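Only one structure is covered here, and it is reproduced in the block below.
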Ligand SMILES: *[C@@H]1O[C@H](CO)[C@@H](O[C@@H]2O[C@H](CO)[C@@H](O)[C@H](O)[C@H]2NC(C)=O)[C@H](O)[C@H]1NC(C)=O
Ligand SMILES: *[C@@H]1O[C@H](CO)[C@@H](O[C@@H]2O[C@H](CO)[C@@H](O)[C@H](O)[C@H]2NC(C)=O)[C@H](O)[C@H]1NC(C)=O
Ligand SMILES: *[C@@H]1O[C@H](CO)[C@@H](O)[C@H](O)[C@H]1NC(C)=O
Ligand SMILES: [Cu+2]
Ligand SMILES: [Cu+2]
Ligand SMILES: [Cu+2]
Ligand SMILES: [Cu+2]
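Rendered as structure tokens:
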């Protein structure tokens, strides 16, 4: 598609992906936003131009590049009031970062409040010119990126704080709803005998999908950017913001098959052509698939995923055997979520800026009680217990997929299991915290200077303040992250704007 140097033009326009036309916030006119492409070691320069006129979906914007470590470029990370002030309408801003150590599938989405649910979301792929799996597949390009997105007929700010379900599930940006127009479905074409590398992206706001293909199989090689040992899989449970790359061996008779993406919540049912896309072998008739969905006997299990390189998790194999152990006490008061008796209500001055202003200790950072300081070259173990309590159950709205910015973590203990794995646990940038009784525990090493966000990636929870910030190596933040003029120009230019022009 575009990149590695290009412009993202962000504008308000009416779009109709499910048969229903509604105004949205979109990148380069099309939803989901255009595929940004680059190679390992390429220097990305993305000139985000803000041309927004609809106040109700926010005229100001900021884009995060999910899964990209952003070393030396913490300013360019995205999160509003953590890493930068939002870009004003009528202005433009350049995101100038190199990606030297990273190879695989990512995505980019607006990180200002709930804007990305209103449309500002697109896939982002970095390709590896020496990809250890290039002798597995024949095709990998634009028409192999499969984008799963939940879609809403009512706008983010206009509907409830916590939407119960999506109106439609969009595959490659095309799906249907209940009393649906029965309009266009997504069409993925394949040639006989040819291997396909499919890059599966979850641009979801809330629901998690059970992704499956009729009469076929998926061989996962990649989870959330990180290269993993090949896995035999029937169906993939992909939580919000997660990514998977699977190689599909096109070995079945020339026919139309269903590409299925059942969400966990909402209208679960293939009848109507809802939650579906078309897998069409080249030469079969331009009709709807008549294929049926079988039961899953070899489904995706997290604990089964093993990293391709450097599989051992940091820290010695012990519960607590780590430099800094931290446990997150969750709770919910009706409107807002809480981590350690605190909620993230975003400060006037970005967490980053605060450090460049000379702030150092956790006591001096804002918001207070929510910014934790982490020393460098120390190993960190986090744990997300979803508990049933005395009869209360903290953190409803489960399961919650927690994402850590600027790091790829080893998931030593996964949802649904109580065993700990330190020898070769899966390595990813967002993990499901699961259901009550799951003490999901993750480990990662502090190899990145600057402030980083840790939040549930269900965007409606994010807005409820289910988040904390890691001020990782505060003394070196200033120096290790050189800030361009455009970035420092943002906060004085943004605070001048009226709530009307927000
Ligand atoms: C700005 O965007 C909003 C939300 O995207 C639009 O709100 C629509 O308003 C009409 C009448 O109030 C409703 O029937 C629709 O439900 C709203 N859309 C959504 C998605 O909720 C609004 O029309 C926009 N203003 C313009 C004209 O650009
Ligand atoms: C979830 O797991 C963590 C450890 O991985 C538990 O936290 C530790 O629990 C022990 C008691 O077993 C305490 O002495 C430690 O001080 C705890 N670590 C802290 C304070 O970060 C945690 O209790 C588990 N959650 C539950 C209740 O299952
Ligand atoms: C819930 O917490 C939020 C933020 O802390 C607050 O605005 C609201 O007043 C709280 N509701 C209750 C139970 O008082
Ligand atoms: Cu994300
Ligand atoms: Cu991210
Ligand atoms: Cu959540
Ligand atoms: Cu984030």
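Residue numbers (the entry's author numbering): 1 to 502.
For each residue, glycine too, the CB sits at the ideal point set by N, CA and C.
Your pair residue 206 and residue 458 checks out as a contact, with CB atoms roughly 5 Å apart and the cut at 8 Å.
Listed by position along the chain, the residues with Cβ atoms less than 7 Å from a non-hydrogen atom of ligand 1 are 12, 22, 23, 24, 53, 54, 56, 57, 118, 153, 154, 155, 158.
Residue 414 is not a Cβ neighbour of residue 335, given a cutoff of 8 Å. The beta-carbon separation of residue 267 and residue 165, rounded to 7 Å, stays under the 8 Å limit for a contact.
Using a C-beta cut-off of 8 Å, the region 326 to 335 makes contact with the region 391 to 398, since at least three inter-stretch Cβ pairs fall below that distance. With a cutoff of 8 Å on beta-carbon distance, residue 412 and residue 420 are scored as near each other. Rounded to whole angstroms, residue 446 and residue 98 show a C-alpha spacing of 20 Å.
Within a 10 Å sphere around the beta-carbon of residue 134 sit fewer than 16 other beta-carbons, which makes this residue exposed. Close CB contacts of residue 158 within its chain, under the 8 Å cut and outside five residues either way in sequence, are with 56 (chain order). DSSP places residue 489 in the uninterrupted alpha helix (DSSP H) bounded by 485 to 494. Non-local C-beta neighbours of residue 67 in its own chain, meaning closer than 7 Å and more than five positions away in sequence, comprise 106, 224, 225, 429, ordered along the chain.
Boundaries of the beta strand (DSSP E) harbouring residue 27: 22 to 27, taken from the DSSP string. If you draw a 10 Å sphere on the C-beta of residue 437, you find fewer than 16 other C-beta atoms in it, and that means exposed. Sequence-distant partners of residue 288 (beyond 5 residues in either direction) whose C-beta falls short of 8 Å from its own C-beta, in its chain, are 185, 256, 273, 278. One alpha carbon belongs to residue 293, the other to residue 73, and they sit about 46 Å apart. Put simply, the region 171 to 191 touches the region 16 to 35. At least three CB pairs are less than 8 Å apart.
Cβ neighbours of residue 120 within its own chain (closer than 8 Å, five residues either side excluded): 10, 25, 26, 27, 33, 61, 63, 109, 110.
Looking at 143, 148, 369, 142, the one whose alpha-carbon comes closest to that of residue 346 is 369. At least one heavy atom of ligand 5 lies less than 7 Å from the C-beta of residue 67. C-alpha of residue 232 to C-alpha of residue 216: approximately 11 Å in a straight line. In the three-state reduction of the DSSP assignment, residue 136 falls in the coil class, being assigned neither a helical nor a strand state. Here the C-alpha atom of residue 475 lies approximately 40 Å from the C-alpha atom of residue 237.
The set of residues whose C-beta lies within less than 6 Å of a heavy atom of ligand 7 reads, in chain order, 64, 79, 111, 403, 405, 453, 455. Per the C-alpha coordinates, the member of 361, 348, 392, 365 positioned closest to residue 494 is 348. The beta carbon of residue 407 sits closer than 6 Å to those of 444, all from its chain and outside the five residues before and after it, given in chain order. Judged by DSSP secondary structure, residue 50 falls outside any alpha helix (DSSP H) and instead within the beta strand (DSSP E) spanning 43 to 51. Between residue 145 and residue 282, the CB-CB gap reaches or exceeds 8 Å. Closest by C-alpha distance to residue 286, out of 201, 187, 203, 36, is 187. In this structure residue 113 is in contact with residue 58, their Cβ atoms being roughly 7 Å apart against a cut-off of 8 Å. In this structure the region 194 to 212 lies against the region 234 to 253, because at least three pairs of beta carbons, one per stretch, are closer than 8 Å. Inclusion of residue 327 and residue 410 in the CB contact set at 8 Å is not warranted, their separation being larger than that value.
Our two residues, residue 403 and residue 305, have alpha carbons roughly 18 Å apart in a direct line. For residue 150, the uninterrupted beta strand (DSSP E) run begins and ends at 145 to 151, by DSSP. Of the heavy atoms belonging to ligand 2, none sits nearer than 7 Å to the Cβ of residue 233. In the displayed model, residue 222 falls within a strand according to three-state DSSP. With respect to the 8 Å criterion, residue 221 and residue 339 are not classified as neighbours on the basis of their beta carbons.
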